Structures are given as structure tokens and as C-alpha cells.
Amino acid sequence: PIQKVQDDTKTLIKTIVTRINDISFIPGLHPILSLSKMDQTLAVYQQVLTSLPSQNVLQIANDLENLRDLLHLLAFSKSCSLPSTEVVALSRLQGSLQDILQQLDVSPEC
């Protein structure tokens, strides 16, 4: 069901954030990303991480592949269409994911 998709998206984001913490923010105040902005943002991090050696990085790259698909499925669900480098990439990714999570309490704009 859709309830499971929304809950699984939030749970997967928390899982990636925890993985990033293992390699090593005001409530109500956050930037707004659209579904297409969220998708473009994760694709940039995906391109960056895939050309990088590490087993922990490979796993995060697979979680991002699931996350982008969930976003496309959420976009379809509301009748709309979307179509050391490592250290700084993971650190930036974590901040971006915490921003996405904070606005997932509502169905985002397309």
C-alpha cells in the first residue's frame, strides 16, 4: 500500500543517515525541495558515489537507487512526471537527506 511506501521512504532515509554516521537543525525551519529537485539532488550524489571505491559507499549507492525509485513511485501516485571526494560527498549527502526527511511529513510538491 501507499502508507507502506511513504513509511519505507522515511525509514530508508534514516537507514542511510545512520550508515553515514557509522563511517565517521531547527524543527519547523528547512528548505523546500520539490519531488524533481529531490530526484535531481540524489542523482548528483549517485553519479559522485558510483565512481568511488569502498564497500560502505557501494551500499549507500544501492540505497540511493531504491530512494530515487520510491520518489518516482510517489510522483506517479500524485499524477505527475519527473524525467577526498568521498568524505565531502557523504557529509553533504547526510545534510541533504535530513532536509528531505524534514519535509516528508507531507506529500511534497511535484
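From 1 onward, residues are counted along the sequence shown.
> Residues without coordinates, deposited sequence, stretch from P83 to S84: is the count none, 1 to 3, 4 to 9, or 10 or more?
Gap size class: 10 or more residues without coordinates, per the record.
> Using none, 1 to 3, 4 to 9 or 10 or more, say how many deposited residues go missing between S24 and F25.
Gap between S24 and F25: 10 or more unmodelled residues.
> Where do the C-alpha atoms have the higher mean temperature factor in this entry, in 48-56 or in 67-75?
Per the deposited B-factors, the answer is 48-56.
> Out of 87-95 and 12-20, which stretch has the higher average CA B-factor listed in the record?
According to the entry, 87-95 carries the higher average C-alpha B-factor.
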